[PDB]
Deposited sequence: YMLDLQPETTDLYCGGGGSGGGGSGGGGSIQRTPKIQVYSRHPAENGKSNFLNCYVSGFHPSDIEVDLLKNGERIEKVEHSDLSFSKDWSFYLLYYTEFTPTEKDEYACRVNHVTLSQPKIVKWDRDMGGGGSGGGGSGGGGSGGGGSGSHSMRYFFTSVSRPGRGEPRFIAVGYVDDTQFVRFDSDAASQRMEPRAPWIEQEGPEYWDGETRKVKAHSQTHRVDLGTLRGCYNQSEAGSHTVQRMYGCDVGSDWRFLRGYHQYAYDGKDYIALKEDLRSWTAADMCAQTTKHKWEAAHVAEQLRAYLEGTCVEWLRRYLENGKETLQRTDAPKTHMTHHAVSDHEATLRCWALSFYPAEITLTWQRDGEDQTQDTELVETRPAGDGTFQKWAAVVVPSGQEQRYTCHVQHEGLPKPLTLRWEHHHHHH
């Protein structure tokens, strides 16, 4: 239930959903993350050749505004086959190839919106995703066929048409807003109608384990840099430069933040509860890491939900397995590995 009103290069991981067994169906994953802007070309290679039917997740981004994507495909690895992932991006002189080296908590609802302008190529690209905790449950893509808000989790498919109509009406409103803003921000920063620019929106609400309201968010960004955001008290704005102060004043004079507070404190919480209940078999589970040590000292963790975890040198970003679970490892060059997870009885410790 949504509202009703710089360049970073990617990090690449190539891995399987499950541990590889020669002859056993599996899933090959390429997780690209931490990059900006969102234009990226990702290929999955099999023996120096492009794999034909590769799918990918809906575009989303992290706190720092950097985007992340999961490209994946079903495959049965054998003895001779070798695999890799290729990534192109504006920050790369040539596409990078990475080979597949075979050898009790709070809750949240978050909506992510991304608009990218396409000078002289039609409307801007618009992508919207919705999350409960670390489980995405709705999406919208302007380039897609439906032109509707679409489910991405079982527990949201129960909702009837009045819900899906209202969501489709609300997302298209979020789209129009971004389209207008793209032309506006172009004007206030004196940029040409020939360049491509990105506008990102994020908002949502947190609740304790008692499902009572904890925190609320509403942030806006231009070309990967902060533009305006709601303070933690949800009653005032943070403008980032002389251009965003003009918006801050127009919004404080129209008391926009008051309508936001109501949603973030009331409506957002209310539907987060309805979702948590409707998908309790999913959202309210906790899966514990299937964990062991790899020797360079490397600590491993597989098939755990939610993604929040701590291992304590090289620490690789947590990555989706593609089945709802996540993975992570850490490395260091009389040593111990500490594993604080929100689904383990008590912290674990590991040593050779």
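Residues 6 to 29, 128 to 147, 340 to 347, 365 to 375, 397 to 403, 423 to 429 of the deposited sequence have no C-alpha coordinates in the model.
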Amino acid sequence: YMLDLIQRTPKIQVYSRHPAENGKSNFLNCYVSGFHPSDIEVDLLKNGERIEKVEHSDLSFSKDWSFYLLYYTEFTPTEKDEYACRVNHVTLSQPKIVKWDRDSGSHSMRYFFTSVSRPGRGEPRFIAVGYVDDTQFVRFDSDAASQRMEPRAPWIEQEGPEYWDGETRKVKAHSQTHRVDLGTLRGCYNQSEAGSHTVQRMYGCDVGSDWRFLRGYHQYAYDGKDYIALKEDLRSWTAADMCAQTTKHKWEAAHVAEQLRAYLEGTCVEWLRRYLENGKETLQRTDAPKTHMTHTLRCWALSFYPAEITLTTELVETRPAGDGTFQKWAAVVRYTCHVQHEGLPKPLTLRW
From here on, numbers count along this sequence of modelled residues.
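Annotation for 45 to 53 versus 296 to 304: the higher mean temperature factor (C-alpha) is found in 296 to 304. Higher mean CA temperature factor between 31 to 39 and 320 to 328: 320 to 328, per the PDB entry. Residue-level inspection of the entry shows that, of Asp143, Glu74, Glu232, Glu167, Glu232 has the top Cα B-factor.
The PDB entry assigns the greatest CA B-factor among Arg102, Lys225, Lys96, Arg201 to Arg102. Annotation for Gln219: CA B-factor lies in the middle third of the chain's modelled residues. In this PDB entry, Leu70 carries a Cα temperature factor that places it within the lowest third of its chain's modelled residues. Ranked against the other modelled residues of its chain, the C-alpha B-factor of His255 as given in the entry falls in the highest third. Per-chain ranking of the deposited C-alpha B factor places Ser106 in the middle third. Residue-level temperature factors show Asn26 in the middle third of its chain, judged at the C-alpha atom.
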